[PDB]
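*Asks:* PDB entry and its sequence, pasted below:
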Amino acid sequence: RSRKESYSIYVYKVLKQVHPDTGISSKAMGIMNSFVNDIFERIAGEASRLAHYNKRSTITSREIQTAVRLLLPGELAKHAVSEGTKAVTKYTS
Amino acid sequence: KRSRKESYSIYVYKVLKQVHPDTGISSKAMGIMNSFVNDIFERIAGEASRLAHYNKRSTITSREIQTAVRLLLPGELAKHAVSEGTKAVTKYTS
Amino acid sequence: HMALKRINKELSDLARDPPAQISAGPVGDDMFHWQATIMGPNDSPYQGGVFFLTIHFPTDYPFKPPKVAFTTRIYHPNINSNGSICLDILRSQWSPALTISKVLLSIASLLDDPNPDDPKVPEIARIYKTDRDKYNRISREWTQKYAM
Amino acid sequence: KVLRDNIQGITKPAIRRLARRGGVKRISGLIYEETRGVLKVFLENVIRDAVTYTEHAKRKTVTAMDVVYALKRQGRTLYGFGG
Amino acid sequence: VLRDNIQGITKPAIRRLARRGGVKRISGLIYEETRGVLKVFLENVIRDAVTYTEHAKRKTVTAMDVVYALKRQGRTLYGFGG
Amino acid sequence: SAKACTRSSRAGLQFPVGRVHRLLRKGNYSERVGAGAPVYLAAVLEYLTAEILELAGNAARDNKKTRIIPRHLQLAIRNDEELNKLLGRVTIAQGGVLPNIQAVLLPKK
Amino acid sequence: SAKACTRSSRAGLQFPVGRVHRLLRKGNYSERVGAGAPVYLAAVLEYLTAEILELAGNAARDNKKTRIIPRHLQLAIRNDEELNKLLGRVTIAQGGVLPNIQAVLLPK
Amino acid sequence: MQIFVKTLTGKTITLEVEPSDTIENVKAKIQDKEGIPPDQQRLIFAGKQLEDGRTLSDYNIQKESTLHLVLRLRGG
Amino acid sequence: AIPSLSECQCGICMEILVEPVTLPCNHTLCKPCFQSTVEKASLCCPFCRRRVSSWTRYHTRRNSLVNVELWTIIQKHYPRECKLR
Amino acid sequence: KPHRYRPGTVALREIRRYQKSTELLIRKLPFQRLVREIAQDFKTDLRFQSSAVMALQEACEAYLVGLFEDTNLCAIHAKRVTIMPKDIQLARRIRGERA
Amino acid sequence: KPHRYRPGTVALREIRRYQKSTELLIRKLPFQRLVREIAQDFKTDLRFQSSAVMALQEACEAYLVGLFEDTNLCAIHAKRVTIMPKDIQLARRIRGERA
DNA sequence: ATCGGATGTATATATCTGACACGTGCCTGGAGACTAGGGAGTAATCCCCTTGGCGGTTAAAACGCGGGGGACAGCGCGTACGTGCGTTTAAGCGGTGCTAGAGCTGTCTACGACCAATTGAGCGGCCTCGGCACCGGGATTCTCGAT
DNA sequence: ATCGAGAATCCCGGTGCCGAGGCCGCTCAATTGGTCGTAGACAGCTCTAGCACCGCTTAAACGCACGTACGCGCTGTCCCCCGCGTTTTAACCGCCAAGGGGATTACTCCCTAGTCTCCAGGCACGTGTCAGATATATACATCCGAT
Ligand SMILES: [Zn+2]
Ligand SMILES: [Zn+2]
């Protein structure tokens, strides 16, 4: 057989972190996988276009931040930027 | 002097002289044609790159470009563009 | 197949009224292969020049152009040593309505005067555009020792 | 094994059911033919791209991923079938 | 500083746009709605334009930023670059 | 940070970071990929997933169930304002539609 | 075809094969680019450009002008079903709109 | 004095020359016998390209030394 | 009147017209030659060298390439020529 | 003597019931036969995965539901409760599907 | 005694005139000032290239012309000749700009 | 404004079944250490173009008035669609059999990436003359009040 | 059905100006030649599931009849855009002047790709059990005719 990667265990961990009691079915799990893939592809493509637009050749954190500010609506954009910068700051030290 | 900026101006002018032997074209129309060519190039190249990534391939072969042309263009432009591309490749390889 | 009949009419057209200073014919049984002889035009630096060339007919004619090659040696900016010829009608401006007589007379016209916009050989091209006399005498000691 | 006039399989009660889900109280008598035509056009548009996708890969069975991908290209992203 | 400038989109300047669009008769309340929707559309485009400008550590909104924002929104524009 | 634990645990994230890095490398997005991009991207993905899961769990608890079915996801996405705009073009399988009837069609008083 | 001549003329095209090849290779589309892709892509682009320009020139001649201007481009694009379908969302600067008045508004 | 050369065609042409001769003159001799112009000729001595200005004795060409030839093919 | 027998033959294949196609540049050639040219030639009229691509795109959807009246004339007036095809 | 509802309340009850459920609203076999007919019209001798047919049916049902919602909005805007083919045509024209 | 055109024959003349020309319809400086106001609302002390302002004006004019075309179509559908705010709202709702 | 049937929907209880949550083997992908070089950060300079200001002139906007055409409400007709019942049709479910085609593995050969010398295609700057903009006069054609 | 006056639009001829097309100098990117590592083309084998058939329920579809309520045409009222004339406001053009920051260049350093080694995190497979669906029997909200 061939191993097929997925975001299953991580989404289950997040669900248990938020709602320790409720479960999740298989169809909802596939829907969440598709949603995560779609958002990933959108943000990565926007970051790539932004990097190419400024005659650059790398994707740093700021390109991802600008892509997030472009894509997500207002309040979601602010919360996502705050979470991302917090994670990067905690990671770098 | 100013750094070199590339454009499709001279080739579009050559094609225009090939179609209409005695018709000129303004600057704004040149800019519009340049933008149109760039946009279509970006569309076809991006679709072909995706479709190559789709089947775990690594090369953008003329098959991928042909499929992207069949997808993006409408009914008749698809057939004519495919025929022209096949003609060009056949004449180039031999 | 269908091109064989077209070759028949082209041969008949060459037969009834052959053009001036040029004559072509098939070497063997197959009508695809042809060879032709061309004289040096009077208003040219190739006086008394005799040249031979070969013609290849693709299986899809006239929808595709035929191939030409100089089996002899000639000095010209638009012809290489091996005999390859770079003219517009051969590969870029070829149409099915054209005939072998037309391409032969176009070749003769090129031999009358060169085309400097698209030189196949650039060194003799800059030699020719430098001054006329150098091209003159180089064509001299090329044509009276190769053509004759 | 040819097929004919299978569009009649989308009967009047089925279109009535769809409109009832949509939020429609009263339905005219000429809606059904228009609905069938619209559905046929949409199916042709999606299936052409799906068949192109499954033909580029040198296969003979259309895969659900191909349909998902044709829908995504056409502008109607679909969730729940992979990707 | 500027304030109360949406009134610059004058009543004849909206009548002319409607005339180009193919409108024969115009009600007396169209102008306010048109001003509102125009302001919303401008705000939506200019936000992305300013974000593009701010990313490049610049201070001038070039035409390329506006063209890129319009292309992102799905309203591709021809003539000013690309 | 400590620079001794796993990368995902080091950043405080539950989503993988190495997998995101590999996807960025092999995704043909840029010739080079920075060392801080995967962390930011994983944080954004995890936040969005957490928010949608919280709303779906709220809907499921409202409907007296212990599992999240696609209907709960559809309700959670549509009822919110930001998420609905984000997923405006997305169609959820087995999602149905929100209950709304125009006021004109209702019977008169 | 015989080698030892510029690439754009080997296939009979006018658009630059080399420039298209460089753009495809360094444009960050795929790891490797085949040797036949640029020729096909250049042929498609040249075909489309010729299609646009022929109709634009026809409209310009119909307008008693010997120079193509964006109004002629818009008239050529919007009067063809296939091209209008292709360039649906695109806005041509200084292109105007097609003449069209609804029959109901006409005087009776 | 004859020289063995592995040309592109592989044919070795017998001709009496001397190492003291210049490259231009031997190239002209080849053009007289083989027709290849001096610019088109490119003699190869142990993988080294010889300039036309110099002579054969500079790279020490000896009796029947196995050399190579490549034609500078531009066009055709 | 009636067209001459010699003038009617195709200028490409030197033989009678079958399913003739009338170009917008009022040049007539038989459908096999026209199809072979559009497949392999430079998408131009061989004689006057003008593009027919937009015309071909328009006419191929409605299947109006063939000239019905000239085809009827050639088959009725010269049936044996069509039979020997 | 027999009790029959006023014309209209049954439609409202069906609307309320049908906006709560999530199953599919078209019979499986006729839709499968129709999609097979279209496919074999495009390319002969084709085979279909079951999931592909299910995905096609789901997409078509969602699109039709959205179209009917827009048509109902148009019909109510025209000071009517019934939907007519001109409502569907206008909705398609505004959405830009047919231009 | 003075010659007055009937109400209706002048608007059609304006429609015929404006659908043939291509110049910009809104005045330049008021539009530029409004754009600068919005920009300073977003970020303070910005500068604008004239090409950017022209592009913004072109996009806005094209969008408004399209919106008025759809509004007129809806108004004609509603058995009227006058365009009303509800027409604009319905066209925007169907096009998906506000839902 | 009720009041009675009568109908459909909502609620409480047993049960049983298949999908979800968890446990285990393992192997492939991720982590750790080290090296080289180019991409990007930073400082400095130039000059392009953006902002600001004045004066004029005049095309466009603001305001007001008379009125006619269009929006909107009210009524009446009848026809098409909703609701219910009996009947015919084929969807739905289970069970079995067959093989075409998806999927995986092993060889290896030819296509594409890399690098260096080289030169001509294409870009920047100049210049000029013709195509288009503009003005002024006249011919042509819709428009409307009056017959 | 029409004739004619007032007004807008199209044609034609002459003058002028600025930008589009061609030319010259030059620099750098495409070309050509050669080498090398690996991607996919092909042959072969496995085995999954897509297709075809058959029988039995019974649920959804179909056709018909009755009635009513809503779509549509018609009329009447009134009020609000429209067309035109007059006055006020600021847009547009040409002009000058200052400097901010975009664009380019040189230098350096440190951040990431590439390679090798190693090991454990996640995937495939298997198993138990309980959450939800279904059947069955009451309780209540709601609708419609009749006072
Ligand atoms: Zn013929
Ligand atoms: Zn012709």
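*Replies:* Yes, it's here. Residues are numbered from 1 along each chain as shown, chains lettered A, B, ... in the order given. Ligands and ions are numbered 1, 2, ... in the order given.
*Asks:* in the host helix or strand of residue A:86, what counts as buried?
*Replies:* Using DSSP states H and E, the element containing residue A:86 is helix A:74-92. In terms of neighbour count (16 or more other CB atoms under 10 Å in any protein chain shown), helix A:74-92 has its buried residues at A:76, A:77, A:79, A:80, A:81, A:83, A:84, A:87, A:88, A:91. Yep, even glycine has a C-beta here, placed from its N, CA and C like the rest.
*Asks:* now stretch A:28-41
*Replies:* Buried residues in stretch A:28-41, defined by neighbour count with 16+ other CB under 10 Å: A:28-40.
*Asks:* which ones are touching the nearest residue to residue I:74 once chain neighbours are set aside?
*Replies:* Nearest in space to residue I:74, with sequence neighbours left out and distances taken as CB to CB, 6 or more residues apart in numbering or on different chains, is residue I:17 at 5.9 Å. Shown in contact with residue I:17 (CB atoms under 8 Å, 6 or more residues apart in numbering or on different chains): I:8, I:9, I:10, I:28, I:29, I:30, I:70, I:71, I:74.
*Asks:* what's the longest helix along chain A packed up against?
*Replies:* Under DSSP state H, the helix in chain A containing the largest number of residues is helix A:26-53. In terms of contact count using 3 or more CB pairs under 8 Å, 6 or more residues apart in numbering or on different chains; DSSP states H and E, helix A:26-53 is assigned the packing partners helix A:8-18, strand A:58-59, helix A:61-71, strand D:78-79, helix F:18-26, helix F:37-62, helix F:70-79.
*Asks:* Format these as JSON lines; extra columns: distance to residue C:108.
*Replies:* Rendered in JSON lines, the data for those read as follows (distance: least, CB to CB, whole Å):
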{"stretch": "helix A:8-18", "distance to residue C:108": "78"}
{"stretch": "strand A:58-59", "distance to residue C:108": "62"}
{"stretch": "helix A:61-71", "distance to residue C:108": "64"}
{"stretch": "strand D:78-79", "distance to residue C:108": "68"}
{"stretch": "helix F:18-26", "distance to residue C:108": "61"}
{"stretch": "helix F:37-62", "distance to residue C:108": "68"}
{"stretch": "helix F:70-79", "distance to residue C:108": "78"}
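*Asks:* Deepest-packed of those, please.
*Replies:* Among the helices and strands packed on helix A:26-53, the stretch with the highest mean neighbour count (mean count of other CB atoms under 10 Å in any protein chain shown) is strand D:78-79, at a mean of 26.
*Asks:* Can you list the strands that it pairs with?
*Replies:* Pairing partners of strand D:78-79, with direction, according to DSSP bridges: strand F:91-92 (parallel).
*Asks:* ok, which stretches of chain J are strands?
*Replies:* J:47-48, J:82-83 (DSSP state E).
*Asks:* Quick one: list the elements packing against the first one.
*Replies:* Which is strand J:47-48. If you count contacts as 3+ CB pairs under 8 Å, 6+ apart, strand J:47-48 packs onto strand D:61-62, helix J:28-42.
*Asks:* The last one now?
*Replies:* Under the contact criterion of 3+ CB pairs under 8 Å, 6+ apart, the helices and strands touching strand J:82-83 comprise strand D:26-27, helix J:50-77.
*Asks:* related to what we said a few turns ago, can you tell me which of the buried residues of stretch A:28-41 lies nearest to chain F?
*Replies:* Within the buried residues of stretch A:28-41, distances to chain F taken as CB to the nearest CB reach their minimum at residue A:28, with 4.8 Å.
*Asks:* So the closest residue to the closest one other than its chain neighbours: helix, strand or coil?
*Replies:* Closest residue to residue A:28 in three dimensions, ignoring its sequence neighbours and counting by CB to CB, 6+ apart: residue F:68, at 4.8 Å. Secondary structure, DSSP: H, G, I helix; E, B strand; the rest coil: residue F:68 is coil.
*Asks:* How many neighbouring residues does residue F:68 have?
*Replies:* A count of neighbours around residue F:68, defined by other CB atoms under 10 Å in any protein chain shown, yields 26.
*Asks:* Run through the residues that contact it.
*Replies:* Under the criterion of CB under 8 Å, 6+ apart, the contact list for residue F:68 reads A:15, A:22, A:23, A:24, A:25, A:28, F:53, F:56, F:57, F:60.
*Asks:* Include distance to residue K:85 when you put those into JSON lines, please.
*Replies:* Conversion of the contacts of residue F:68 to JSON lines gives the following (distance: CB to CB, whole Å):
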{"residue": "A:15", "distance to residue K:85": "46"}
{"residue": "A:22", "distance to residue K:85": "46"}
{"residue": "A:23", "distance to residue K:85": "49"}
{"residue": "A:24", "distance to residue K:85": "46"}
{"residue": "A:25", "distance to residue K:85": "46"}
{"residue": "A:28", "distance to residue K:85": "42"}
{"residue": "F:53", "distance to residue K:85": "41"}
{"residue": "F:56", "distance to residue K:85": "38"}
{"residue": "F:57", "distance to residue K:85": "41"}
{"residue": "F:60", "distance to residue K:85": "41"}
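*Asks:* Closest one of those to DNA strand L?
*Replies:* Nearest to DNA strand L out of the contacts of residue F:68 is residue A:23 (CB to the nearest atom of the strand; 2.3 Å).
*Asks:* Could you measure from that closest one over to residue J:3?
*Replies:* Here the distance between residue A:23 and residue J:3 works out to 46 Å (CB to CB, to the nearest Å).
*Asks:* more crowded one of the two?
*Replies:* The neighbour count for residue A:23 versus residue J:3, taken as other CB under 10 Å, is higher for residue A:23 (15 against 4).
*Asks:* How about the contacts made by the more buried one?
*Replies:* Contacts of residue A:23 (CB under 8 Å, 6+ apart): F:66, F:67, F:68.
*Asks:* ok, the first one - how many residues close by?
*Replies:* This means residue F:66. Using other CB under 10 Å, residue F:66 has 12 other residues around it.
*Asks:* Nearest spatial neighbour of residue J:84, chain-adjacent residues omitted?
*Replies:* By the measure of CB to CB, 6+ apart, the closest residue to residue J:84 outside its immediate chain neighbours is residue D:28, 4.9 Å from it.
*Asks:* so who does residue 59 touch?
*Replies:* No chain specified, so I'll use chain A. Residue A:59 makes contacts with A:47, A:48, A:51, F:24, F:29, F:30, F:32, F:33, F:34, F:37, as judged by CB under 8 Å, 6+ apart.
*Asks:* wait, I meant chain H there
*Replies:* Contact criterion CB under 8 Å, 6+ apart gives H:45, H:48, H:50 as the residues in contact with residue H:59.
*Asks:* With that, I have no additional questions.
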